[PDB]
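Given next, in structure tokens, is a single chain: the form deposited in one PDB entry.
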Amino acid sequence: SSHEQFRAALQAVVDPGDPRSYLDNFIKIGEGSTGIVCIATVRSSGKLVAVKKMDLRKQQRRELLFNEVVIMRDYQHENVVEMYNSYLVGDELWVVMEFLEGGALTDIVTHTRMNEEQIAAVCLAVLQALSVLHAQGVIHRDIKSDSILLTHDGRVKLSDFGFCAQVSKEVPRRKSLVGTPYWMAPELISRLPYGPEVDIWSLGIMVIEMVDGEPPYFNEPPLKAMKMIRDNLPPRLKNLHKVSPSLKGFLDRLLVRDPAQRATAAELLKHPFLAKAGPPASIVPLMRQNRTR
């Protein structure tokens, strides 16, 4: 079986052993495209951790599972979720990671209206993460609100590296059709070889999420939305009239069709819009446990 074969491959790269030995009270708190996320209690300490559980038989491209252990081993950073250990548990890859108790940005953009101080704080944090990743040739390829997690005290971290890839002198561009339709860069939908620029486009779409509450063409079925992204001019905010000229100027550097003219993360870190960025505390009131209080 290719399955048994693949299990054996994964064992070669993961930690030995079984975290069920030291964790209690697995409770499911969400699901991505590649698996589920449980919170667990470390028995000895009462500390909470997050465990991502990805079934080897339920992946579109099961070789992408290796990306989790590449990021874990190599590209840890303060705006990236800490990954502690990886294990093969039966037919699943388990990744034990930091619990980001503030939850995902998705809940906030769904239920709340972020102001520009808050939007700037998120964008700055993501851009710091991306400048460091991109400098190392790492492309995330699934930037969207669901991929952004928050600490209780409002610090922002990138998560969901399942679809990441590496470029280098010897492999300067990627070609794979990877991401989430509504957030995919037009050059990527067009099947042009691409680089880290695609992440900057996806971030632009996330800015639209944060302003409009959904990405462009979210009402269209995905295959149809990709067609639209590929063919049309850059998407426009439903609520253009609600954003500062500073934010519009910023967004216009992100949603550039031509990847060669799109701003890089490192350039975007100096943009005046990010001077508006609030401290982590500024994000805390948006979280489900605070907004009702």
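All residue numbers are counted from 1 along the displayed sequence.
| Looking only at CA atoms, which has the higher mean B factor in the entry: 72 to 80 or 156 to 164? | Result: 72 to 80.
| task | Would you determine, from the values in the PDB entry, which of 214 to 222 and 177 to 185 has the greater average C-alpha temperature factor? | result | According to the entry, 214 to 222 carries the higher average C-alpha B-factor.
| Most elevated Cα B-factor in the entry, residues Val49, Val243, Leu65, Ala263 | Comparing C-alpha B-factors across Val49, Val243, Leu65, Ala263, the top value belongs to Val243.
| Between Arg141, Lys144, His134, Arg113, which one tops the list for C-alpha B-factor in the PDB entry? | Max CA B-factor in the entry, restricted to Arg141, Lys144, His134, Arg113: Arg113.
| Against its chain's modelled residues, does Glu197's Cα B factor rank lowest, middle or highest third? | Its C-alpha B-factor, which the entry lists for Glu197, ranks in the middle third among residues of this chain.
| field | Lowest, middle or highest third - CA B-factor, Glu101 | value | As the PDB entry reports it, the C-alpha B-factor of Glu101 lands in the middle third of its chain.
| Which third of the chain holds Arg7 when residues are ordered by C-alpha B factor: lowest, middle or highest? | It falls in the middle third of the chain.
| request: Pull the Cα B-factor of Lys28 out of the PDB entry and bin it into the chain's lowest, middle or highest third. | output: As the PDB entry reports it, the C-alpha B-factor of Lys28 lands in the middle third of its chain.
| request: Just say lowest, middle or highest third for the CA B-factor of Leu254 relative to the other modelled residues in its chain. | output: Answer is lowest: the recorded C-alpha B-factor places it there.
Omitted from view is the form solved in complex with a partner chain, to which the following refers.
| task | Taking 4.5 Å between heavy atoms as the contact cutoff, choose which of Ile119, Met184, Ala129, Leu88 touches the partner chain in the deposited bound form. | result | Flagged contact: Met184.
| task | Identify which of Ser246, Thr41, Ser33, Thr264 has a heavy atom within 4.5 Å of the partner chain in the deposited bound form; exactly one of them does. | result | Only one listed residue qualifies here, and that residue is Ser33.
| request: Would you mind picking out the stretch of 218 to 226, 119 to 127, 89 to 97, 150 to 158 that comes within 4.5 angstroms of the partner chain in the deposited bound form, counting non-hydrogen atoms? | output: Stretch with heavy atoms near the partner: 218 to 226.
| request: Verify the contact flag for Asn115: yes if a non-hydrogen atom of it lies within 4.5 Å of a non-hydrogen atom of the partner chain in the deposited bound form, no if not. | output: Output for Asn115 is no: heavy atoms all beyond 4.5 Å of the partner chain.
| said: Since only the chain is shown here, I'm wondering whether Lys144 would be in contact with the partner chain in the deposited bound form (any heavy atom pair within 4.5 Å). | reply: Looking in the deposited bound form, residue contacts with the partner chain include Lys144, since a heavy atom lies within 4.5 Å.
| Do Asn79 and the partner chain share at least one heavy atom pair within 4.5 Å in the deposited bound form? | No.
| Do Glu197 and the partner chain share at least one heavy atom pair within 4.5 Å in the deposited bound form? | Contact check for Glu197: no, nothing within 4.5 Å of the partner chain in the deposited bound form.
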